[PDB]
Each structure stands twice: as C-alpha cells, then as structure tokens.
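Only one structure is covered here, and it is reproduced in the block below.
Every residue, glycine as well, gets a Cβ built from its backbone with ideal geometry; the counts of neighbours run over all protein chains shown. Rule-based calculations on the coordinates, nothing more; no lab input.
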C-alpha cells in the first residue's frame, strides 16, 4: 500500500458503467507529487492521509473481483503527518 | 520481492473489513525513501530488514486469494545491512 | 522481463511456509542499482545475467499459480555483456 | 494511552506470541503478564484506543493457533479509575 | 457501604471486564480482585445495597460473554464483622 | 476528534441507554439527541475514530434489547465540513 | 439519588398513569415527560437505585394495560455526565 | 471453645457466603480462609461445639447453590494438639 | 520415629480430618501438610512403625467421606536417607 | 541472537526433555523454565533464527511422547523490546 | 554419575514412593522434588546411566498404583550444560 | 429509611425468627413488633428499598415453618405520609 | 560454518544437482562428495544454520526428480566434536 | 570404557545422524565409520556399558527415520582382545 | 560395582557354565561360588548395573539346559549396606 493525501474529488460523467456509483478522488503522495485517482471505498475528506491498495487487491476492495479499480482507498490513517 | 526496513507501525481504525485483523507496517527501502505500507505476515520489529512480496502474491501471503493487499512482508532477512 | 544480474544469495529462515524450499537470490539491474530478490527456478550462479519475470507470471514460474512470488528468474541469458 | 487491551490464553506460549503480536501491531505498551492460575495467562497492554484495537485484533489472530489457544481478547477504551488499581502498571 | 457484591469468573479477563462494568454502573468501590486458583478470579465491590445490586447485575451481563465466563454473582447486603477480616480492603 | 458515531433507536429510552453506554465506553462527547419523527431518535457522539468505534459498538449492543430497539449504528471516521453544518454541536 | 428510570409508552395516557404509579410506589422524583414522535411518550424518574427499580416496575405494571401500552422500562444506576445534558431536569 | 468447623467450597464467592452465614448464625470466630489450590477454598471457624454445629449447618445451607458450590462441611469438636499447628489462628 | 505415613486427600477439609484422626489414633507426629497443587493436600506423620500403620489406617477411614475424599494413604517404614531431604520436619 | 523458541508441555519431565533436545540440537541458550500453573511448563530458548528453528523442531519431536506431552512449540524470529520484559533473562 | 532420571506423578505421595523406590533400587542420589502445579510433582535422581535406568524402572513400578499415579518416567544420560541450570542440585 | 417491610405471623416465635433473619440479612431497622390480637404478630422493618426487599425475603423463608407460620410478608417502598402516623417508630 | 547439511542420493547425477542447488541457494561450503557404495552418494555442506537449512531444502527439492532420487536430506546445527572426525574437511 | 555399540545404516546420512546422536546422548567415543559396501555404513562407538546402551538406543531412534534407515543396533559389553584388531581405533 | 547379579543352579556344572557366560558377556567380577547344600550352587557376580544385567541374562540363558538347571537368576542393583556383609568378596 501507499500513503497518500486526498487532494480533491474527481468527476467523470461518462465513465464506464462498471465503475458503479463509486466516488473517485484525486490523491497524491506529496503535494506536488504526481496525482492519481482512487476509488474511495471509505468516505475520505480532503486533507486526509490515506492508505491506498493497488492492483487486483483494489478491485475487490472497491466491490467486486471484477471492478475496474487499480487504486482504492482502504483506510484513513489516524495519525499521520508527512 | 524487495528488501525494505520496517520503520514503524500504522494504525487505520477505519479500514475496510476485508483487511482483517492483520497488522500493517510502514516500510521503506532506506531511510529518507519513499515509504510504503505492508501487511505484516511474519511479525517484524521496527528496524528489521524484511522481504516484501508483490501484488497477487501479497494477497495470498496476507491470507487469502481475495485479501486486500498489494505488499506483504514474507520473511525477515537474517543478516542484511543496507 | 527485465535483465538483472544475480549478485548474492538471500537467506531468510522465518519465511512463510508457502515460500517453500525454493532458493532466493538478490538481483540488480546493474551493480549499484536497486536490489531486488527473486525466486530462482533456474539454478543461477552469482554474477550471472538473468531474465526475471513480473507479478502474475512469477508465481507460476516458481511452481504454483498461487506461489508467493513477484520476481522469478526464468532463464540465464547465455551471452550478455554488462 | 488510557485504553486497556487484554488477551487471555491457555498457557504462556500463546501469551508470548500474542504480546509480541500486539506490541508489533500498534504502538502499545505491555504493562503486564499475569499467571492467573489454572493455566490461564493474561497479557495486558495500554495505549490509544485505535492502537489498542489494532494490537488486540492482531494478537488474537496470532495466538489462536498457538498452543491451547485464546480464551479471551478484550478492549476497554475507557478504564474506570477504580479498575486501574487492579491493573498492572509495569511488566515484571 | 457495607454491602458486598462479588463476581467470580473463569480467568482474569472476564473479571476485569466485570470490575469495569460494575464500577461504571453504580457507585461501588472495588475493594479487591483475588486469584483463587484453578482459574478463578473473584472481583469484589462494596457499596450501598441498591448500588451493589445494580452493579452486580451489570458485571454479570458484561462478563458473561467475555472469556470462559462467569461462575457466580452474589450480594451480601450486611456483611458480618468477622467476615471483614477475610475480605480485601482496597485493591492492590 | 472528528468521528461521528451515531445510533438511531426506535424511541427515547433505547437511545438514552445507548448514549450512556457510548459515553461510558470511550472518550466520546455526546453532541446531540434528535427526535427525527416517527419515534426515531438519533443520538450522536463525536471523538477520535477509536473511541467512536468502541462507543458505537458498546451502545449498539446495549440498546438493542431496550424497548423497540436499535435501528442503526454507524461510524463516520472523518466528517466533511458541509455535513458538519447539519450536525448538532452541543446537546439542546 | 441519581439513578434514572424511564418508561416509554405509546400514548400520553399510559404515561401519566405510569408516572403516577412510579411516584407513588417509591421514592422517586419525576423529572420529565417527553414526546418522542410517533406516539411515544417517555416519562423519566430519578432516585436511589432501589427506589428507582421499584418505581419502574410498578409503573410498568400499571401502564401495561392502560391504553396502547408499555414500550420500554429501564433503569440506569449511574448516568454519565454527558448523558445528563440530554435529560430533562424538572417536569415541564 | 475449641471446635473447628470447616467449609470447603469451589471458589471464593461460595466461601465468603458460607463464612458470613456461619458467623451470623452462631458465636464462632472466623480463623481462616485458605486457598487450597485448584479452586478449593476453605473457610474455618472455631468456637464451642454447639455453636460450631449451628454455624456449619447454616454455612452449608447458604453456599450450596452459590457458585460452583460446597465441597465439604465438617465439624471436629476437639482437634489434636498436633493438628493445631496446621490450622490458622487468625484470618489473614 | 522412622516410619512415614502420608495421606493425600482432595482439599484441606478431608486432610484435616485425616490428620486429626491419625494423630489421635497413635503416637505419630504431624510433620507436614503440603498443598501440592490442583487440590491435592498431603498430610504426613512420622512415628514408630506400628503407630504409623495405625495412624494411616485411621486417617484413611476418617477422610474417605469428608469432602472430596482420599486420593492415597501410604506407609513407608524406613525411608532411605536420600528421601529424608524432600520430607518435611515440622508442619509449616 | 534474538529469536525465541518456546516449548510448553504438560509437566516438567516433558520440558526437561525438550530443553535438553533443543540445547543439544543447536546453539541456543536456555533462558528459562516457567511453571505456568495447571501443569504447564514452558521452556524458553534464545538464539539466532536458524538455531532456534532447529532447536524447536528437535525439541518438539523429543517431548511429544514424554509424559503428558507437548502443548506448544513456537518460534518468534525477532522479539519486540516490550516483550523482552516478560521473558526471562536467565534460567533460575 | 551424571545421568538424570525423572519421574513425574500426580500428587506427592506417589512421588515420595517413587523416590524411595528409586533410591533403594539402585545407585542414585535424590536431587530434587519439584511441585509443578496442577498436581504434578517431579522427582529427580542422578547417577550412572544404568543405575538410573534401574532406579527409574523401579520407581515407575512403585508409584504406578499409588495415588493417582505416574505421568512420566524418563532418563537422560548426558544432560546439556544449559539444562543443568534449571535442575535442582540438592534436595529441599 | 423510607421503605417498609412487614411480616405477619401467628405467634411471637415465628416473628422473632423473622425479625432476626431480616435484621441480619440486610440493613433494616426494626421499628416495631405488634401484638395485633388473635395471635397475629406483625414485625415491621424500615430501610432502603433493596434492603427491605432482601430482608423481607429472608424473613418469610425463615418463619414459614417456625410454629404456626407466616400470614403475610409485604413491602411498601414509600408509604403515604399519612400512613406514617399509624406506623411504629422504635420497637416495642 | 558449524552446521552440517547432508544430502544422499541414489547415483551421482542427483548429487551433483543437489550440491549445485545447495551452494546456489545459500552461502554453504561443499565439504564433500562421498561414494558410499551401492550407489548412495552423499554431498555434505557446511555453513551457518540458516544457510545450511536453505541450502538443504533447495537441494532436496532439486534432486527429488533427478535420477533415481533423494534418499535423505538432513540438517545438523551443532555437530558434536566427535562426529567432526568422520566428516570430510574439503572435497576430494 | 571398552564396550562397543554399533549401528548399521543403509547409507551414510543415517550413520552421521546416529553418530551425532550417540555422542550427544552419552559419553561414548566414536571410534569409527566404515563403509561396508552395498550401502551399509557402520558407525562404531566405545564407552562404558551404560553409556553405550544409552547411546545406541539414542542413535537408533534418531537414524531410524533419516534416510534409508537402520539395519542393526548392537552392544558388545566386553569385546574380546582378538576382535580389537578388526575394530577401528580412532575415526576416519 | 555395586550391582549384584546372582544365579542359582542345581549342581556345579550348570553354575560354571553360567559364570563363564556372565563373566564373558559383560565386565563383571565373580565374587562367589557357594555350595548351599542339597545341590544348590550359587554363582555371584558384581559390577555396574548394565553390565550386571547383561551378564545375568547371558548366564541364565547359558545354564538353562546344562545339567539339572537354573533355579534362579536375580539382580539387585544396590543392596543395603547390611546385606554386603553376608555377601562373598572373592571366590573360594
């Protein structure tokens, strides 16, 4: 997993049907780091340092063995400062 | 696999249930390096140089073919100094 | 696959049981490059230039579709100049 | 931390495995190991509630197989002032 | 308080849970925890009669599902002076 | 902290029991009791995530059989600012 | 006394009967009547634990066949300071 | 007097009950509570023969259903001088 | 005297009965009472051989129905000198 | 050497056997024997991981058929500083 | 002679019989009796290997039918130095 | 103490027995013994409600088979102030 | 370099494969290849315990299918000095 | 001493295991390893009678499960002087 | 040695066969050949316990069919010091 800060929400109206009603968030490890998008499975607010699982594991985490996620947020780290 | 040093523990109380009761550790390849988080399946102390498996395997090592892990510690190297 | 050079052997006694009786070798892209550990399915001497495989593939090459591996040496390049 | 985590096992091998696991999982301090009598050994940790939770869950999963097992794994987030008098302050 | 409430449990974890529950439930003071051997831990509280009734009922409900269990829940409303010598004064 | 712990019960007696349980279980501050309509009463507690988790579990268990019981127990670990505007800050 | 006894009824007639019964049966002080919504009215009494127990039982037995009935009867022997904030101080 | 009444119980709650009962029933002095091991707790009273009989019978009646119960209730009217050295003088 | 008589009973009550009986029956000195663990209490007397035989028999008969009973009654007429080190010389 | 190998047995004969086997098999230091209660005896050895693993395997095989047997054989390759306070530093 | 023979029994009387038997039977020195807990007592002898074998066989036979009996009989011909630190040197 | 426990018996002997049992069981004060006429004797205790309930239970059990028996055993947790005047205040 | 790992195979091809695997798997010196006669060939390696364990496990897996097979694969962590005489120092 | 213990194994790995075992078990000196041919390896140890018995039994037990196995385990307690010419003096 | 091995035969031929066999089998010394009368001849050997066991077995097996026969074969590993006086020191 990787520790990332949630930056902002991502909205794609014309996403694939398989994405479901799932929230997507823009997460970067460091402000200024390359941004990535993670399905938010927990309900994470901006500024949160969160735990992000990657390949294959992410799909089940976001809801199915077949969900199209390569990045999901599995948890919010309780105490973290970069 | 990768050789990395456990730096500290990581508590996310709001993690997904699928993660189980398994412990999570903050691991870096070196000090001052990108930090990654790993499910610990061995029982590793801080300062340990440990072996971390990649993604499909991580899930299985972490405990199931359908476990949410992309990095699991699979062994502690007996002697390594990085 | 990525060509890496076998540098040394890795011994972990407290590895997971599924890791098996298999050998483990520290490999690098070039000397001084980040060190990674790969299961050896070939039988490689130190200093050999080898071909290592990635995540889903590594598991099977090591011997079970469910094996705990993300890097596995699947061959020794007969003539590689470094 | 003011949260108590306690694990009871039948035998001490299970208890050590659990303490180790607990201490490893979260930032929790082992404040006691008690031989109850009868073969029940309770190992007790203190820390913040999330830390205690992580620790107890990890430790329980670890020790269930070892030996004769786990009798109980419990977390108490707020420990009453009165109950602290019956609780170990340091491991001996 | 001259009433005494006592809970006996199989193991220490259930007993700490009982002490906590009781002390939280009503105004009872924990006066002792005793290891009887064979796995029995008895946790004892002193309070006014009603408080003790409430507390014991609370401890019993709580400790029942924690650990091996509960063996006894008892209240002695007025305890004789001779018995005091056997009963533990303050938790240690 | 920021976590929101919420238990909705069918009726007020169940909820007072839940609230008591939550506050006695962990370090949570009860920020509101709301009569929704229909006989649904929601009691809301705020705190750090560990505390909120412990509290909600305890409360839910406690109020389940009290009266008409529990409708919902939910933990929201980090609450969005916008949702904070609809959340009671102190009881009234 | 600081114990809390609460009876929830469907309808106000059952509740007034309960309050009356409780107050007559034991030494309790009525501190509130609340309209929850949906036809639930909760009557709350404070007193010593034993008194409160007696009162709630009496009240339940009285209100049970009056009107639509008794939904709940509950005693809390010590109520947390946070819960006190949501509890009516005197009847109104 | 010199009579000895002994009640042995499985667990301490039954023994304390027995002791209280015995002391209240007759003029006897509690001289010891001993943890034998394996959960057996023996509570011993000295006094005159009639008093001792009354005490033990009361004690037994009292502790038989409390906890895990009564293992033994026994009266020895005069005990040998030698057996005195193994019998407790005052409770500790 | 040289001979050793030992009676083991489950619990202290049967054992005290046995000690009393032995010491009363013949000229034997109670030299130990030992709490073995797990409920086994062993009472040991040393005397001349016929005396020890008589004492053990008496004691065994006495305690068989007191409490949980007699595990074992044994007589050793001369104990090897090495065995004397593990044998108590005065009742503690 | 910071690995820990622990073997629990029912009784001391099995444990002495395990200890001897473990020590002979590999370079481990016996750091303790603990009588847990209930007949459980844990024998703990320290050393490097390979040594501890070898030792523990050897030990378990040795004590399995001795007495009441092996309850648990366990190896922990690295032990937390916290768990070190609950582990013996020397055999005595 | 440095071999070790150990016999473990359930209860002390079987062990004293074993020790007497062993010492009488062959050239062994009683080095200790250990109360394990749970009712187990271990009696240990040292001597030459064969003498220890004879002794242990005899001991097993003597205590097999005494009390609750033998649990274990074992001989270790050479005991590792580390093990010697957990074994009683002289009888107490 | 507000509560009242009254036990009515046929004869003074059953009543003294009841009174004794009551006063011993829980902390209540005999406020009266009344010779009603006809042979009915009423013994009345005043205490806090839990106490009075315990006491009356003890008393009824105690006097049921003593002499002629128990006519009644009744508890009033709070009596109307007017009834107080018809109620005895110190025992006759 | 204390530990010894030995693999015996039927035929020399399986043994060369095994030695090769061992030496590749870990840092263990190959101290010998022995022709026992009958076709048993033993390959022996010397390294630290973990190294030897790794090597041997690897070698065994490698030679299981090579030729007529693996007869034995054994690891001895601490080898008694006496055995070192019968063990080959270097390969030739 | 002069007694000879001899173990024959199919293969050398079982033989090295036996030698190690024997030598660790008792005070015996490995005087030889012989490759008979056909795959038989005999490992021979010399020591006093009891040591040799202990050792041979230990060696047998150990090597039985290692490799192809044990063919013979034998003790010659007094070995004739003519036979010494055929027995190996020191190991090779 | 302290062990006594003794064989009794009817007649001297069986006894010389036995002695020879014993002395040849193990390192035992022949301390007596006694003519009991009636044709009983007893051949007595002394040595270390194991040696003596081996010797006596060889002896008894040897003399079974030689002449009239074996009456007895017996081993006493340590004899009381008093029995040493009636025992022969060197053969006549």
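Specify the residue that is surrounded by the most Cβ atoms within 10 Å (Cβ to Cβ); the eligible residues are those in the stretch G:20-32 that are more than 11 Å from every other protein chain (Cβ to nearest Cβ) and over 17 Å from residue L:1 (Cα atoms).
Of everything passing the filter in the stretch G:20-32, G:21 is surrounded by the most Cβ atoms within 10 Å (Cβ to Cβ).
For residues that are in contact with a strand residue (DSSP E or B) (Cβ under 6 Å, 6 or more places away or on another chain) and not in a loop (DSSP other than H, G, I, E, B), scanning just the stretch J:24-35, find the one that is farthest from residue M:52 (Cα to Cα).
Top of the filtered list is J:35.
Check off (1) assigned to a strand (DSSP E or B); (2) out of contact with any helix residue (DSSP H, G or I) (no Cβ under 8 Å at 6 or more places or on another chain); (3) within 8 Å of chain E (Cβ to nearest Cβ) for residue H:44 and give me the number that stays unchecked.
(3)
Does residue C:10 satisfy the condition of being crowded, with 23+ Cβ neighbours inside 10 Å and touching a helix residue (DSSP H, G or I) at 6+ places or on another chain (Cβ under 8 Å)?
no
Residues of the stretch M:80-92 being out of contact with any strand residue (DSSP E or B) (no Cβ under 7 Å at 6 or more places or on another chain) and either surrounded by fewer than 16 Cβ atoms within 10 Å (Cβ to Cβ) or more than 7 Å from chain N (Cβ to nearest Cβ) (or both), which ones?
M:81, M:84, M:92
Please find, within the stretch J:47-79, the residue that is farthest from the other protein chains (Cβ to nearest Cβ) out of those that are over 21 Å from residue C:12 (Cβ atoms) and part of a loop (DSSP other than H, G, I, E, B).
Per the criteria, the residue is J:64.
Residues of the stretch E:1-19 being farther than 25 Å from residue L:48 by Cβ, within 10 Å of the chain's Cα centre (by Cα) and facing another protein chain (nearest Cβ under 7 Å), which ones?
Within the stretch E:1-19, E:8, E:16 meet the criteria.
Which residue pairs have Cβ atoms closer than 8 Å, lie 6 or more positions apart in sequence or on different chains, and pair a first residue in the stretch L:23-39 that is at negative phi and touching a residue at least 40 places away in the same chain (Cβ under 8 Å) with a second residue that is surrounded by 20 or more Cβ atoms within 10 Å (Cβ to Cβ) and not in a strand (DSSP E or B)?
Here the result reads L:30/L:19; L:30/L:22; L:33/L:15; L:33/L:19, each pair linking the stretch L:23-39 to a residue that is surrounded by 20 or more Cβ atoms within 10 Å (Cβ to Cβ) and not in a strand (DSSP E or B).
The conditions are (1) more than 22 Å from residue B:65 (Cβ to Cβ); (2) within 10 Å of chain B (Cβ to nearest Cβ); (3) within 13 Å of the chain's Cα centre (by Cα); (4) surrounded by fewer than 23 Cβ atoms within 10 Å (Cβ to Cβ), and residue C:49 fails exactly one of them. Which is it?
Going through the list (1) more than 22 Å from residue B:65 (Cβ to Cβ); (2) within 10 Å of chain B (Cβ to nearest Cβ); (3) within 13 Å of the chain's Cα centre (by Cα); (4) surrounded by fewer than 23 Cβ atoms within 10 Å (Cβ to Cβ), residue C:49 breaks only (2).
Somewhere in the stretch C:58-65, is a residue over 15 Å from residue B:53 (Cα atoms), facing another protein chain (nearest Cβ under 9 Å), surrounded by 16 or more Cβ atoms within 10 Å (Cβ to Cβ) and in contact with a helix residue (DSSP H, G or I) (Cβ under 8 Å, 6 or more places away or on another chain)?
Taking every residue of the stretch C:58-65 in turn, none turns out to be over 15 Å from residue B:53 (Cα atoms), facing another protein chain (nearest Cβ under 9 Å), surrounded by 16 or more Cβ atoms within 10 Å (Cβ to Cβ) and in contact with a helix residue (DSSP H, G or I) (Cβ under 8 Å, 6 or more places away or on another chain).
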